Amino acid sequence: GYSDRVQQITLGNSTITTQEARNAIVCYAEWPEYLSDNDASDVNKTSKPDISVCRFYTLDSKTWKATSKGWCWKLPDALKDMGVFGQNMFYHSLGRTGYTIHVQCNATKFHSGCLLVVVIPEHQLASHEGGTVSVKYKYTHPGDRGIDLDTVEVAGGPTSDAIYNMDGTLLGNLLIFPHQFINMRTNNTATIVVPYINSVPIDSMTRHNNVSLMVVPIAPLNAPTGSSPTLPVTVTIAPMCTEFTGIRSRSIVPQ
Amino acid sequence: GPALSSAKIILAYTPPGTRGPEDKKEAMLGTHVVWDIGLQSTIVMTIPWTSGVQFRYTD
Amino acid sequence: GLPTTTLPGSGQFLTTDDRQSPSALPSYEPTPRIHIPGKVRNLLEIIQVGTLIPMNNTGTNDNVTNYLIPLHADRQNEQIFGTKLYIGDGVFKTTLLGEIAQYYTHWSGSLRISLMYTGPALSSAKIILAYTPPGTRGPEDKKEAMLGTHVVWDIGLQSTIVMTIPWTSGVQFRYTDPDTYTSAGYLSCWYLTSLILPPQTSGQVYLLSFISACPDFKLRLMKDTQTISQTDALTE
Amino acid sequence: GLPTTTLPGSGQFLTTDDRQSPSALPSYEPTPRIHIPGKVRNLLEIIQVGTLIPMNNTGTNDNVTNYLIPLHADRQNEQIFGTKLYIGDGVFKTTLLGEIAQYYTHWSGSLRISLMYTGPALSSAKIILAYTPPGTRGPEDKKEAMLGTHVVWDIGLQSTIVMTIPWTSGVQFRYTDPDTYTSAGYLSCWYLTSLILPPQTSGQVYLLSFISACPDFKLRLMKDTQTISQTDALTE
Amino acid sequence: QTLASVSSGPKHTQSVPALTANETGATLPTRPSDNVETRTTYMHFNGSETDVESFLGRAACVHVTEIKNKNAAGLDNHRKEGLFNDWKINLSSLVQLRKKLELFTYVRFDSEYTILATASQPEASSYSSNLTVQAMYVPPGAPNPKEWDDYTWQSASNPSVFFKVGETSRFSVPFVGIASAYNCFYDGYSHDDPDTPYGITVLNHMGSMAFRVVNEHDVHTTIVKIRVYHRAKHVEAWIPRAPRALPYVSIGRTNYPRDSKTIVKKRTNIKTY
Amino acid sequence: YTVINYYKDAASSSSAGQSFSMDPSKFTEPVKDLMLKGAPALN
Amino acid sequence: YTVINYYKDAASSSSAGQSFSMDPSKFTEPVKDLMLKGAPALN
Amino acid sequence: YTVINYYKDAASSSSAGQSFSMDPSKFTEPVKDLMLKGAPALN
Ligand SMILES: [Ca+2]
């Protein structure tokens, strides 16, 4: 009697439900797990706050307009002010984690539009200027707000080119990364489970973003006649298997 | 509401110790359930016994 | 003092040979490997993944609308799109398959084309996807088209239709670079019935098309691509 | 007359290769080995020995006072010393560890810092030694400092305190040459209470600090040092 | 024998493999026998040439530089005069190989370096000089050459090769990364500072190579050009990405030209063949 | 064919063989719930 | 890997292997009476 | 005489041996009905 469409995800003291899912992607066919001794370098003991950080945090909502270009969030950056997770993220020299990303967008059997929801490991952004100019720290560290692609470009910030994935590659090939679609006629949500992917066992959570969640309208939003021309897009994210180390005084970052 | 409508609601329980949430951001930091409106007409959220002392007064 | 004779080619540097050489860092210990998800062993592994085809090639500048195939309501018997099957050129050149195919000289195998419907749930349609083997001209109408490999698509819950283009060829390998003798035929789309939209709905609906290779696929004779070049060496 | 083909690199002289060569003195008999205490097999053997750190870097000319850390009586909450953890530079550059570390490119491992008290026997004190992992600024006060790896030292019969700096790092190897991404954090010292001198005693008391590597240690990619050079060849 | 295709006949089932849901993010392995009546055929193929070992296993030019051999008397800047040169080993200056490497996110391998040195005497000279080049591997932290005949060329601990112009030098180098793999991309910074660079990491450092002619000077000047080729051996690659579409403009940066707007070829009609 | 290593270091050796452990699934079907070709993609 | 000596004299041979008999003690604990980490250095 | 292949690819090897499976018949007597030397070519 059960369906691939109705699902529940319980993580800590938060439970999410969807009645219009389209399965879910488990990046590179790998589920998150803690760091093993064989892989460990750092001799320190890791802190595992569990259910206090491994729960769902909901980001500030977005508004899908018929002219929308897309949005980009960088992790662990987007969750740096989220309760005890953000705290831990700034008291330790190193951390490690995976996530459960849940993107939401409900509509009407009269609407049509399609979103591409993708997770890109190491999304090194291109600068507005080009040349040898780098994208300033604060521009890749927007926090919860993320990068709104239809915002005017500034000096030292990224390009606002969805067509070029903000990195010099083409949009259509973004399908090589773990992704999922939100096709209104079908979908309601998109869920992606992300394991820890990095060339080092553990890392600094502030000077390096391991991934950037990208939500990009492909098929323009087309609402029924007399209906409101927009739809909100909500992103809920839960850290899973989080570990922290190198505890000390509060990390000091720019701003 | 009609069958041809849609919505996503968030129900939250804020344990004792603070003020009532003032916004969804504050609210979601506690026990909560994200509700997806569909065929299944009702959502059920349990408020787990979250307390220091083992009994509370009804008054 | 073992007598030898050196052969032609002695001292040449063939970029493609594979021999032993002394290590400049003797006794050096490389960092231990750690587990990293997403290991790629063969390129044939990744071309099996479908990526979008910029079929709406119309325009002057690249734009997200190149990936959107327009569909019109209440049109009957009409043609939706057409294209040659040159995977190293045209619409397929920028795709992941065409991108990797261009690092090789020969190709062989079956292709996978999926068409995903994005129109309202309360709409309906029946489309016809066709593959015309080499030997003739691209179909000029649905009648001509349906005489070849085709799939009738019924739009519904199942959002995507998948059609495989079976290896239809005399010679066992075709060139990736567009060559006449080794052409793969045509691909076209038409309305079997027509798109029907519900009340309070209007405008265009779009189709998303994906391309990937079947397990059938093979690619040989590695070479340099035409998809990247430079006039000067880069610097920091 | 065995046919061969010579390869690229033939005739090159790579200072780092290891092959056989004819002996210019064939049939020669080397002097017999006699027993000699103090055989060194690996450099990792000797960096485990602690040597003094010239922490009192203040001055213009090298002088025995560079190894002496000043301590003041009846001072409370104050800072005794601070330094970055750049073993290939700063205060550690001349030490035996830093001296040998500079013959290699990468380093990894835990460090040992001992502080030996030389003040009168009839004095007392409680000091706090701290290691601040990378990611922030050097502590500005004892409160900030104690939030990291630290040791509270009680001065007594046991003259020295030993604190190990556990390998606290994401990447498995750091560069010996000061590089930002591969920095090791800070090291600082403060009074947990204060130094108390007995009657008929006055002036400054000093601390001697030693640095050595733990068995944890590793050093790779051998290279030339910056701690020695010359403008002309030497003669007798 | 592995089967490329099996014999398959007519259908009329409830099992519809032609229909799926790309919303899921998956690509199901359909075969032509799912939509066509087929015949049995054999692969007669293993896929050797597409193994990443193959793909990155051939030498590619990664750098071209130049040095000279004049009379260094009175010359105050040997480097500018071209008596010796450097090269901060990087594999993203020449684009042919860079696009190949970047097909993946993290990459681990051993390097096989082949160095070619050819000579030219553009102006009036009685004969062609037979020169010897020294190539020194200068790890970060080792002292840098300042003059063409410094104490640095003593190279007591730095590996160096001596070879003749016209000849070639070949040696292998172990994976020298401080991490478990090389980063083709790195969405990070060295430290959390507002002005530090982005992308470029010591996590990609492979070193710097110094070059010079060991011989003194003749009456004429001789110009030596050095070409460095790199071959990857014992390859390991993780996380495939989208191919590069736009031109490259800088080393270690994903930056692309802002006036480049038409990478996809255009038609006029979506219906034409 | 035959090959013996003439050098001490592993880096010195020639090219590694063919992996023969291809598995496009991690990239083509990284779905949580298994989908079977022929059955409803979504039920 | 393989190696056969082509010359008569022992000097002609290549580099000797890794000692694997490290012992920092002769340098780090050349004390007469044994000291045990954890117990009073001086009693 | 002896030969060992020094290369991985089959193309790299030297010349193939003598076929020793000559059969001029496919060219000299491709007749349907067998003709026997000595008997009437046509009866
Ligand atoms: Ca002459």
# chains A, B, ... in the order shown; residues from 1 in each chain; ligands from 1
$ residues_around --residues "residue 35 (chain F)" --least-positions-apart "2" --cutoff "12 Å" --atoms "only C-alpha atoms" --output "ChimeraX atom specification"
/A:4,22-25 /E:17,20-22,24-29 /F:25,28-33,37-43
$ residues_near_ligand --ligand "ligand 1" --cutoff "9 Å" --atoms "only C-alpha atoms and all ligand atoms" --output "PyMOL selection string"
chain E and resi 125-128
$ residues_around --residues "residue 6 (chain G)" --least-positions-apart "5" --cutoff "9 Å" --atoms "only C-alpha atoms" --output "list in words"
residues 20, 21 and 22 of chain D; 12 and 13 of chain G
$ closest_residue --among "A:176, A:94, A:27, A:213" --to "chain D" --atoms "only C-alpha atoms"
A:94
$ select_by_dssp --residues "region 159-232 of chain A" --states "strand (DSSP E or B)" --output "number ranges by chain"
A: 169, 179-183, 189-194, 203, 208, 211-222, 231-232
$ write_last_selection --atoms "N, CA and C atoms" --output "compact mmCIF listing (two decimals), in the first residue's frame"
# COMPACT_ATOMS: atom_id res chain seq x y z
N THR A 169 31.02 26.42 -17.15
CA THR A 169 30.52 25.16 -17.67
C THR A 169 29.05 25.39 -18.03
N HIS A 179 21.47 15.27 -8.53
CA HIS A 179 20.39 16.23 -8.69
C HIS A 179 19.04 15.53 -8.68
N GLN A 180 18.05 16.38 -8.62
CA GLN A 180 16.64 16.01 -8.62
C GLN A 180 15.84 17.19 -9.15
N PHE A 181 14.74 16.86 -9.77
CA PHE A 181 13.86 17.86 -10.37
C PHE A 181 12.60 18.04 -9.55
N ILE A 182 12.07 19.23 -9.66
CA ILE A 182 10.80 19.60 -9.05
C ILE A 182 9.89 20.07 -10.17
N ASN A 183 9.24 19.09 -10.74
CA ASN A 183 8.29 19.26 -11.84
C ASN A 183 6.89 19.28 -11.26
N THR A 189 8.34 18.22 -3.94
CA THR A 189 9.66 18.33 -3.28
C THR A 189 10.76 17.53 -4.00
N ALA A 190 11.95 17.73 -3.43
CA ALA A 190 13.23 17.12 -3.83
C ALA A 190 14.08 16.90 -2.56
N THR A 191 14.57 15.69 -2.40
CA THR A 191 15.38 15.32 -1.22
C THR A 191 16.70 14.69 -1.67
N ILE A 192 17.78 15.20 -1.11
CA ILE A 192 19.13 14.72 -1.44
C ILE A 192 19.96 14.50 -0.19
N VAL A 193 20.47 13.28 -0.03
CA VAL A 193 21.29 12.94 1.11
C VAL A 193 22.75 13.03 0.65
N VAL A 194 23.50 13.89 1.32
CA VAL A 194 24.90 14.18 1.00
C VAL A 194 25.93 13.67 2.01
N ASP A 203 38.18 19.01 8.08
CA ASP A 203 38.56 20.33 7.54
C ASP A 203 38.00 21.48 8.36
N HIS A 208 36.27 27.00 4.00
CA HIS A 208 36.00 26.09 2.90
C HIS A 208 34.59 25.50 2.96
N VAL A 211 30.22 22.06 -0.51
CA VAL A 211 29.19 21.98 -1.54
C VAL A 211 28.35 23.23 -1.54
N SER A 212 27.64 23.36 -2.63
CA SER A 212 26.72 24.46 -2.85
C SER A 212 25.47 23.92 -3.51
N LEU A 213 24.39 24.06 -2.79
CA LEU A 213 23.08 23.63 -3.25
C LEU A 213 22.56 24.67 -4.22
N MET A 214 22.15 24.21 -5.37
CA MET A 214 21.66 25.10 -6.42
C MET A 214 20.26 24.74 -6.86
N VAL A 215 19.38 25.73 -6.82
CA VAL A 215 18.00 25.54 -7.24
C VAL A 215 17.84 26.48 -8.43
N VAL A 216 17.63 25.90 -9.61
CA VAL A 216 17.54 26.68 -10.85
C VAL A 216 16.29 26.44 -11.69
N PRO A 217 15.47 27.49 -11.90
CA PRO A 217 14.27 27.31 -12.72
C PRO A 217 14.72 27.01 -14.12
N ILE A 218 14.22 25.95 -14.71
CA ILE A 218 14.58 25.61 -16.10
C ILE A 218 13.41 25.94 -17.01
N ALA A 219 12.28 25.40 -16.65
CA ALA A 219 11.03 25.68 -17.32
C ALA A 219 10.39 26.83 -16.58
N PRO A 220 10.09 27.96 -17.21
CA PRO A 220 9.55 29.09 -16.50
C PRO A 220 8.27 28.73 -15.81
N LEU A 221 8.05 29.39 -14.69
CA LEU A 221 6.83 29.24 -13.89
C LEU A 221 5.71 29.89 -14.68
N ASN A 222 4.62 29.15 -14.86
CA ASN A 222 3.49 29.65 -15.60
C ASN A 222 2.26 29.33 -14.78
N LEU A 231 5.36 31.84 -6.65
CA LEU A 231 5.32 30.68 -5.76
C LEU A 231 6.55 30.73 -4.86
N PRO A 232 6.39 30.44 -3.55
CA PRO A 232 7.61 30.50 -2.73
C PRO A 232 8.39 29.18 -2.80
$ atom_distance --atom1 "CA of residue 185 (chain C)" --atom2 "CA of residue 127 (chain C)"
20.0 Å
$ closest_atom_pairs --of "chain D" --to "chain F" --cutoff "12 Å" --atoms "only C-alpha atoms" --output "CSV"
residue,atom,partner,partner_atom,distance
D:17,CA,F:7,CA,9.4
D:18,CA,F:7,CA,8.8
D:19,CA,F:7,CA,9.3
$ interface_residues --of "chain E" --to "chain D" --cutoff "7 Å" --atoms "only C-alpha atoms" --output "JSON, numbers by chain"
{"E": [139, 140, 141, 142, 143, 151, 155, 156, 157, 158, 159, 160, 161, 162, 163, 168, 169, 170, 178, 179, 190, 191]}
$ residues_around --residues "residue 44 (chain A)" --least-positions-apart "6" --cutoff "8 Å" --atoms "only C-alpha atoms" --output "PDB file with C-alpha atoms, in the first residue's frame"
ATOM      1  CA  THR A 245      37.394  19.049  16.903  1.00  0.00           C
ATOM      2  CA  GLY A 246      40.109  21.503  17.835  1.00  0.00           C
TER       3      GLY A 246
ATOM      4  CA  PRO D 166      48.666  17.060  19.645  1.00  0.00           C
ATOM      5  CA  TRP D 167      48.445  16.926  15.869  1.00  0.00           C
ATOM      6  CA  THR D 168      45.411  19.154  15.423  1.00  0.00           C
TER       7      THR D 168
END
$ atom_distance --atom1 "CA of residue 76 (chain D)" --atom2 "CA of residue 192 (chain D)"
7.6 Å
$ select_by_dssp --residues "chain H" --states "helix (DSSP H, G or I)" --output "ChimeraX atom specification"
/H:10-12,25-28
$ residues_around --residues "residue 211 (chain E)" --least-positions-apart "2" --cutoff "9 Å" --atoms "only C-alpha atoms" --output "list in words"
residues 66, 67, 83, 84, 85, 86, 87, 133, 134, 135, 136, 148, 209, 213 and 226 of chain E
$ residues_around --residues "region 68-74 of chain C" --least-positions-apart "3" --cutoff "8 Å" --atoms "only C-alpha atoms" --output "PDB file with N, CA, C and O atoms, in the first residue's frame"
ATOM      1  N   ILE A 218      14.216  25.951 -14.711  1.00  0.00           N
ATOM      2  CA  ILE A 218      14.578  25.607 -16.098  1.00  0.00           C
ATOM      3  C   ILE A 218      13.413  25.944 -17.009  1.00  0.00           C
ATOM      4  O   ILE A 218      13.562  26.670 -17.993  1.00  0.00           O
ATOM      5  N   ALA A 219      12.283  25.399 -16.648  1.00  0.00           N
ATOM      6  CA  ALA A 219      11.027  25.680 -17.324  1.00  0.00           C
ATOM      7  C   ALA A 219      10.390  26.833 -16.577  1.00  0.00           C
ATOM      8  O   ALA A 219      10.149  26.750 -15.373  1.00  0.00           O
TER       9      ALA A 219
ATOM     10  N   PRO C  54      20.603  21.009 -25.879  1.00  0.00           N
ATOM     11  CA  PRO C  54      20.103  22.356 -26.159  1.00  0.00           C
ATOM     12  C   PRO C  54      19.417  22.292 -27.522  1.00  0.00           C
ATOM     13  O   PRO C  54      19.937  22.800 -28.515  1.00  0.00           O
ATOM     14  N   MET C  55      18.246  21.662 -27.566  1.00  0.00           N
ATOM     15  CA  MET C  55      17.546  21.504 -28.830  1.00  0.00           C
ATOM     16  C   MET C  55      16.962  22.800 -29.397  1.00  0.00           C
ATOM     17  O   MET C  55      16.778  22.938 -30.604  1.00  0.00           O
ATOM     18  N   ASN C  56      16.659  23.761 -28.561  1.00  0.00           N
ATOM     19  CA  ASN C  56      16.145  25.043 -29.062  1.00  0.00           C
ATOM     20  C   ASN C  56      17.329  25.931 -29.434  1.00  0.00           C
ATOM     21  O   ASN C  56      17.518  27.006 -28.863  1.00  0.00           O
ATOM     22  N   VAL C  64      19.195  29.813 -21.128  1.00  0.00           N
ATOM     23  CA  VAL C  64      18.433  28.676 -20.596  1.00  0.00           C
ATOM     24  C   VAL C  64      17.267  28.206 -21.463  1.00  0.00           C
ATOM     25  O   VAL C  64      16.810  27.067 -21.350  1.00  0.00           O
ATOM     26  N   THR C  65      16.868  29.041 -22.408  1.00  0.00           N
ATOM     27  CA  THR C  65      15.762  28.721 -23.290  1.00  0.00           C
ATOM     28  C   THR C  65      16.157  27.772 -24.421  1.00  0.00           C
ATOM     29  O   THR C  65      15.301  27.242 -25.133  1.00  0.00           O
ATOM     30  N   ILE C  80       7.532  19.109 -34.298  1.00  0.00           N
ATOM     31  CA  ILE C  80       8.010  19.724 -33.061  1.00  0.00           C
ATOM     32  C   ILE C  80       9.507  20.047 -33.116  1.00  0.00           C
ATOM     33  O   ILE C  80       9.937  21.089 -32.616  1.00  0.00           O
ATOM     34  N   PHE C  81      10.297  19.140 -33.678  1.00  0.00           N
ATOM     35  CA  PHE C  81      11.731  19.366 -33.839  1.00  0.00           C
ATOM     36  C   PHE C  81      12.333  18.364 -34.810  1.00  0.00           C
ATOM     37  O   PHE C  81      11.697  17.360 -35.162  1.00  0.00           O
ATOM     38  N   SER C 194      -2.442  15.795 -30.416  1.00  0.00           N
ATOM     39  CA  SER C 194      -2.256  17.209 -30.123  1.00  0.00           C
ATOM     40  C   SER C 194      -2.323  17.450 -28.626  1.00  0.00           C
ATOM     41  O   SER C 194      -2.894  16.656 -27.881  1.00  0.00           O
ATOM     42  N   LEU C 195      -1.721  18.544 -28.246  1.00  0.00           N
ATOM     43  CA  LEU C 195      -1.671  18.995 -26.860  1.00  0.00           C
ATOM     44  C   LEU C 195      -2.999  19.668 -26.540  1.00  0.00           C
ATOM     45  O   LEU C 195      -3.482  20.501 -27.305  1.00  0.00           O
ATOM     46  N   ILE C 196      -3.576  19.312 -25.399  1.00  0.00           N
ATOM     47  CA  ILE C 196      -4.857  19.855 -24.972  1.00  0.00           C
ATOM     48  C   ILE C 196      -4.669  20.438 -23.576  1.00  0.00           C
ATOM     49  O   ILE C 196      -4.298  19.728 -22.648  1.00  0.00           O
ATOM     50  N   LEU C 197      -4.880  21.742 -23.436  1.00  0.00           N
ATOM     51  CA  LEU C 197      -4.729  22.411 -22.143  1.00  0.00           C
ATOM     52  C   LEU C 197      -6.058  22.588 -21.417  1.00  0.00           C
ATOM     53  O   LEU C 197      -7.103  22.754 -22.053  1.00  0.00           O
ATOM     54  N   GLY C 203      -0.631  29.677 -23.205  1.00  0.00           N
ATOM     55  CA  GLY C 203       0.769  29.874 -23.548  1.00  0.00           C
ATOM     56  C   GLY C 203       1.391  28.569 -23.999  1.00  0.00           C
ATOM     57  O   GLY C 203       0.691  27.626 -24.371  1.00  0.00           O
ATOM     58  N   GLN C 204       2.700  28.561 -23.940  1.00  0.00           N
ATOM     59  CA  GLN C 204       3.504  27.422 -24.355  1.00  0.00           C
ATOM     60  C   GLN C 204       3.935  26.563 -23.183  1.00  0.00           C
ATOM     61  O   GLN C 204       4.150  27.062 -22.077  1.00  0.00           O
ATOM     62  N   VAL C 205       4.038  25.300 -23.504  1.00  0.00           N
ATOM     63  CA  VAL C 205       4.527  24.263 -22.607  1.00  0.00           C
ATOM     64  C   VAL C 205       5.824  23.765 -23.211  1.00  0.00           C
ATOM     65  O   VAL C 205       6.010  23.798 -24.427  1.00  0.00           O
ATOM     66  N   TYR C 206       6.720  23.311 -22.382  1.00  0.00           N
ATOM     67  CA  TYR C 206       8.026  22.894 -22.872  1.00  0.00           C
ATOM     68  C   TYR C 206       8.373  21.474 -22.508  1.00  0.00           C
ATOM     69  O   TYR C 206       7.875  20.933 -21.519  1.00  0.00           O
ATOM     70  N   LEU C 207       9.228  20.969 -23.357  1.00  0.00           N
ATOM     71  CA  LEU C 207       9.793  19.641 -23.257  1.00  0.00           C
ATOM     72  C   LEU C 207      11.290  19.738 -23.028  1.00  0.00           C
ATOM     73  O   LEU C 207      11.975  20.552 -23.649  1.00  0.00           O
ATOM     74  N   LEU C 208      11.745  18.905 -22.135  1.00  0.00           N
ATOM     75  CA  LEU C 208      13.160  18.780 -21.806  1.00  0.00           C
ATOM     76  C   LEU C 208      13.643  17.457 -22.371  1.00  0.00           C
ATOM     77  O   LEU C 208      13.053  16.409 -22.122  1.00  0.00           O
ATOM     78  N   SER C 209      14.702  17.510 -23.140  1.00  0.00           N
ATOM     79  CA  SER C 209      15.247  16.300 -23.759  1.00  0.00           C
ATOM     80  C   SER C 209      16.647  16.019 -23.244  1.00  0.00           C
ATOM     81  O   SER C 209      17.472  16.926 -23.117  1.00  0.00           O
TER      82      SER C 209
END
